[PDB]
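> Can you look at this? It's an experimental structure, sequence on top.
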Amino acid sequence: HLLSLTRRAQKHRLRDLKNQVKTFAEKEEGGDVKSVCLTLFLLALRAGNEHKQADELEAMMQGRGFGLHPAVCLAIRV
DNA sequence: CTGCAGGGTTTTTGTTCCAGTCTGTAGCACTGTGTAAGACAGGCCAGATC
């Protein structure tokens, strides 16, 4: 299964659809493989009615960052 | 029916190149702290003395 392979073997398996995503994002979306596959995953999540996971992913890949704000972290430290 | 020698197959796990790019950690300067080794004091008993 794709989730249990290593990243090297997963790339060896998925490189074809990878380069198809590359050429599609270059043809239509300014060559942004990042945002294209991001919105693809977002909509594939939202289709199953998994609204909490997709809302949390939209909250993560924008605005707030890694779990804590570095400012408040230093605030605690001091 | 059975035994391994060993053929195929993907998968994995390396893996070779450069660049990075973060990171931990081992520097570095520092002075404050706790100790144990060693100087040395003295008193004091034994040895030498009167």
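Yep, it's here. Numbering: from 1, shown residues only, chains lettered A, B, ... in the order given.
> where's residue A:15 relative to residue A:28, distance?
The gap separating residue A:15 from residue A:28 is 21 Å, by Cβ to Cβ, to the nearest Å. C-betas here are computed from N, CA, C, even on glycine.
> ah, wrong one, I meant residue A:70
Taken as Cβ to Cβ, the span from residue A:70 to residue A:28 is 36 Å.
> do residue A:19 as well
15 Å.
> What of residue A:64?
As for residue A:64, its distance to residue A:28 is 30 Å (criterion: Cβ to Cβ).
> which parts of chain A sit against DNA strand B?
A:4-6, A:8-10, A:12-13 (Cβ under 7 Å from any atom of the strand).
> Inside helices: which ones of these?
Among the residues of chain A next to DNA strand B, the members found in helices (DSSP state H) are A:8-10, A:12-13.
> Determine how far stretch A:26-39 lies from the middle of the whole chain.
12 Å (Cα atoms, centre = their mean, to the nearest Å).
> what's the answer for stretch A:64-78, then?
23 Å.
> mind checking the end-to-end distance for it?
For stretch A:64-78, the separation between the terminal residues is 22 Å (Cα to Cα, to the nearest Å).
> What separation is there between the residue nearest the centre of chain A and residue A:15?
Central residue of chain A (Cα atoms, centre = their mean): residue A:38, 4.6 Å from the mean position. Residue A:38 sits at a distance of 19 Å from residue A:15 (criterion: Cβ to Cβ).
> can you check residue A:59 too?
31 Å.
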